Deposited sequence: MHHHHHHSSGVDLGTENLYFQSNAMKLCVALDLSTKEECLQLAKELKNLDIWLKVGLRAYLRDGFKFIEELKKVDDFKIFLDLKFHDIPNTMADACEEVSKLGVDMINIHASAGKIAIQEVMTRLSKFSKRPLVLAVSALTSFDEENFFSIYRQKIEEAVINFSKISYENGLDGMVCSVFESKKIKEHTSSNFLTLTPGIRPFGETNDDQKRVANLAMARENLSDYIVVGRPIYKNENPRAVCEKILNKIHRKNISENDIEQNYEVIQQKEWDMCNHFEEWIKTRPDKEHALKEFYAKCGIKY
């Protein structure tokens, strides 16, 4: 499995400094909504200049099909390696995004957000009238059949997803606490293809040391 670090430090300067501390490590970096809204595409260029990190631009697009297609096209021009969209955008949005990205010589991987990991059962049901597990399988099938590369999901749902789609349908599991439970052992047993780790790395006294340990443990 691959390690992705969530670049969630409060300022651009801190995130770049962290990126510099993780040079030459075989890892991915995830850039979120707040960061992109504030610094734009120029921040992505600066990161690429620090090192050849594979970049997951995490914006969770959710709009009408043509708009999502235009959005995915716009960020793909930046050379990012992975992007995500809401499966809840529906089958037509998914089809239009993949049809648009097929125009690139090299496109990024495209994963669908199933159920936001922040939801609890009651609040999720109020919106989707489905249990979290039910929705995730439902969404994963729609995403798999319509051409996406995988899903963003809880480490606890990763095996179920693959069983209802394919062992080759990718799973990215965020919020992993490597040595914490959603730990590295749970990610391994549940077949996560990608793990995203945040605070355990960025708030640690020696971020590089933590990444080193995770990779070796992997």
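Residues of the deposited sequence lacking C-alpha coordinates, counted from 1, fall in the stretches 1-24, 205-212, 251-303.
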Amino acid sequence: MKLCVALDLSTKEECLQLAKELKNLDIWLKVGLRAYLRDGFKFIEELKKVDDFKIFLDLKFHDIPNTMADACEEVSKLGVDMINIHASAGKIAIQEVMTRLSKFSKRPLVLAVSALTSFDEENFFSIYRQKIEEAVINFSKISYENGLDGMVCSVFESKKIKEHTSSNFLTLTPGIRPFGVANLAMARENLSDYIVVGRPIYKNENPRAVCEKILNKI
From here on, numbers count along this sequence of modelled residues.
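When the C-alpha B-factors of 32-40 and 58-66 are averaged, 32-40 comes out higher. Per-stretch averaging of Cα B factors for 199-207 and 15-23 places 15-23 on top.
Ranked within its chain, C153 lands in the middle third, by CA B factor from the PDB record. In the deposited entry, the Cα temperature factor of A6 places it in the lowest third of its chain's modelled residues. Per-chain ranking of the deposited C-alpha B factor places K106 in the highest third.
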